[PDB]
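Some notes on the structure that comes next.
All Cβ positions, even for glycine, are placed from backbone atoms using ideal geometry, and neighbour counts span all protein chains on display. The numbers here are math on the coordinates, done by the rules we state, and not lab data.
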Amino acid sequence: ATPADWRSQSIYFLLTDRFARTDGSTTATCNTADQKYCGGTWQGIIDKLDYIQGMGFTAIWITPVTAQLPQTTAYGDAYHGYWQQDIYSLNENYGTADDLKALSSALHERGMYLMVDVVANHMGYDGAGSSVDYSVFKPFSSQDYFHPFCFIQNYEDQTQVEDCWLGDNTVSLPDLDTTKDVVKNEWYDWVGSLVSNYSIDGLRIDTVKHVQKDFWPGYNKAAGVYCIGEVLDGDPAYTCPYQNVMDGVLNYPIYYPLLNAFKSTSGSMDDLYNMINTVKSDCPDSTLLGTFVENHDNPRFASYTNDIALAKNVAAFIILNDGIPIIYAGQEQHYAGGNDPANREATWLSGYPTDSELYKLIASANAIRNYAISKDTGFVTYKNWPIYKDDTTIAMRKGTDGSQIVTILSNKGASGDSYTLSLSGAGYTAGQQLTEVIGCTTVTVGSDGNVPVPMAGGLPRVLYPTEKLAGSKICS
Ligand SMILES: *[C@@H]1O[C@H](CO)[C@@H](O)[C@H](O)[C@H]1NC(C)=O
Ligand SMILES: [Ca+2]
């Protein structure tokens with residue numbers, strides 16, 4: 001599916017080993033500190049598609065599918081998929097090629113997309129970089145395919161960032177020489193044939209900043225689908241330029257101020273407001289970035305704060321911001337693991353309740369986004385406009401005049417006082433009826449064009465014209 005196809009999507013990102021087992025167990029041991037395979041599979045995902053689609057997601061992103069180093073390393077098993085050795089075999093832990101095709105087919109049958117995580121930067125190897133036997137890599141079964149062994153000493157030297165090896169002498173990450181035509185042609189042939197064989201709709205490309213920029217356009221073209229890159233840098237001046245060599249990047253620029261705004265009742269609404277405007281103006285296309293606050297490479301939101309209202313606001317922002325919402329499996333069950341490996345909790349241990357606070361908030365926010373997009377072909381290309389901030393509030397508008405969603409977020413948290421926000425800049429007409437679609441109440445725009453938004457419990461508010469909901473299932 002194309003970048004234009006992907007603008008309307010909403011992604012549930014999951015770790016294949018940690019989402020769902022073939023047997024459907026909700027009690028099977030998964031001690032994150034063990035760093036071992038817990039037994040999640042592609043067939044498990046299929047079994048739990050009702051749970052995902054119930055939150056209004058239109059797509060999933062699964063961790064990589066390639067065969068991994070076989071060892072239990074000092075850092076555990078390759079349960080996460082980022083230590084590949086044989087790119088022409090699947091990781092048999094998750095199932096067979098027929099299971100991965102069944103997953104693709106099962107999503108397509110529900111009108112959903114499959115995104116697959118891929119790494120071009122490196123292979124994985126158990127032990128020191130000086131110990132690597134290159135014959136274990138397929139097809140790259142020679143040291144000739146690899147950069148000379150060195151570690152990044154200076155993260156400000158982009159040549160070192162690209163040409164030296166990630167990892168360490170515990171688990172080494174042999175760095176492919178992606179400047180060689182032989183390595184480009186291998187990878188390009190591979191990714192086109194992966195996408196074709198499994199009917200994949202999009203890719204998440206990990207590790208993008210560690211591969212020189214001139215590699216990426218031919219890879220993205222060979223894939224023939226929307227590719228969203230991981231460029232792990234909060235500076236839009238570093239990260240944004242990568243969207244000129246690949247369709248999208250993950251929104252690490254928004255990540256930091258978004259986390260900081262909502263993780264604390266003292267979080268900066270200014271830094272978030274300013275980064276929204278910086279990305280909107282400066283990044284090649286904010287509507288093709290991936291919005292997130294939680295993944296397997298950072299502490300979970302609830303590891304910073306267990307305040308449920310703060311979690312509800314940050315989830316509402318992710319769904320209603322420019323670009324593709326991305327929620328990480330467990331975020332909807334308020335998982336609180338810190339850094340790796342604590343943030344790779346098994347989703348099944350929650351028992352997959354569909355009546356949890358954040359399951360319902362995500363379902364409501366995805367419902368209004370999916371509905372608004374179905375009625376407004378301009379929603380996805382209207383760049384989100386921050387219209388208001390104060391010390392505890394940000395309000396934003398997205399969508400064609402007459403059809404705009406106006407979202408008011410707060411960091412007051414669950415002990416926030418009851419009060420009325422007189423919101424200007426919404427652009428609704430005096431006297432129009434709005435539905436607050438989270439709480440399913442009505443608000444009427446003033447004669448003066450200001451919106452009197454009831455604020456309570458630090459809860460997010462999401463406004464949309466009542467007449468435009470006619471015949472919809474929203475707030476039945
Ligand atoms: C896709 O299937 C074709 C036909 O067998 C094969 O040549 C190719 O290597 C496969 N690609 C992947 C990555 O499975
Ligand atoms: Ca590299």
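Net charge dipole, region 375-476: roughly 320 debye, given to the nearest 20, about the Cα centre with Cβ charges of +1 for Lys and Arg and -1 for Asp and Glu.
When you work out D = kT/(6 pi eta Rh) for region 305-448 at 25 °C and 0.890 mPa s, using the Kirkwood radius from C-alpha pairs as Rh and the Stokes-Einstein form, the result is 147 µm²/s. Computed from backbone phi with θ = phi - 60° and the Karplus coefficients 6.51, -1.76 and 1.60, the 3J(HN,Hα) list for region 296-313 is 8, 10, 9, x, 5, 3, 6, 5, 8, 8, 8, 5, 5, 5, 4, 5, 4, 5 Hz; x is used for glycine and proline.
Residue exposure proxy: 418, 356, ordered by other Cβ atoms within 10 angstrom of their Cβ from fewest to most, comes out as 418, 356. Quick note on region 1-374: its Rg to Rh ratio, both from C-alpha atoms and Rh being the Kirkwood radius, is 0.94. Between 0 and 90 degrees, the angle of helix 269-282 with respect to the longest Cα principal axis of the chain falls at about 70 degrees. Charging the Cβ of each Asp and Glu at -1 and of each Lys and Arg at +1, and nothing else, the dipole of the chain about its Cα centre rounds to 1540 debye. Placing pseudo-labels 7 Å out from each Cα toward the beta carbon at residue 456 and residue 160 gives an inter-label distance of 5.7 nm. Remark: the residue 442-residue 401 segment gains 12.8 nm on full extension, using 0.36 nm per residue and subtracting the alpha carbon distance. For the chain, the share of DSSP beta bridges that are antiparallel, to the nearest 5, is 55%.
Placing a label point 7 Å from the Cα of residue 109 along the Cα-to-Cβ line, the residues of region 31-49 whose backbone N sits under 14 Å from it are 43-49.
Residue by residue, region 401-408 carries 3J(HN,Hα) couplings of 2, x, 9, 6, 7, 10, 10, 10 Hz when phi is fed to the Karplus relation 6.51 cos²θ - 1.76 cosθ + 1.60 (θ = phi - 60°); x denotes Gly or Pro.
Pairs from the table (312/375; 48/280; 209/383) lying more than 29 angstrom apart at Cα are 48/280. A Förster radius of 51 Å combined with the Cβ-Cβ distance from residue 182 to residue 237 puts the calculated FRET efficiency at roughly 0.95. Taking the empirical scaling 2.2 N^0.38 Å for compact globular proteins as reference, region 375-476 has a Cα radius of gyration ratio of 1.04. Debye-formula intensities of region 77-128, expressed as log10 I(q)/I(0) at q = 0.16, 0.27 Å⁻¹, are -0.59, -1.16 (one equal scatterer per alpha-carbon, no solvent). Here 345, 467, 436, 186 are placed in order of increasing Cβ neighbour count within 10 Å, fewest first, which gives 467, 186, 436, 345. Per residue of the chain, the DSSP helices (runs of n ≥ 4 H) give a summed -39500 (n - 2.57) that works out to -7500 deg cm²/dmol at 222 nm.
Here the contact order of the chain, divided by its residue count and restricted to Cα pairs under 8 Å and six or more residues apart, works out to 13 percent.
Give the cross-link partners of residue 398 among the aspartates and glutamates, using a straight C-alpha distance below 12 Å as the criterion and excluding same-chain residues fewer than 8 apart. Cα-Cα hits under 12 Å: 322, 376. Going from the residue with the fewest nearby Cβ atoms within 10 Å to the one with the most, 230, 294 rank 230, 294.
Each of 70, 378, 453 was scored by the projection of its Cα onto the charge dipole of the chain, and the greatest displacement toward the positive side belongs to 453; charges sit on the C-beta of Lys, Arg, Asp and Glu.
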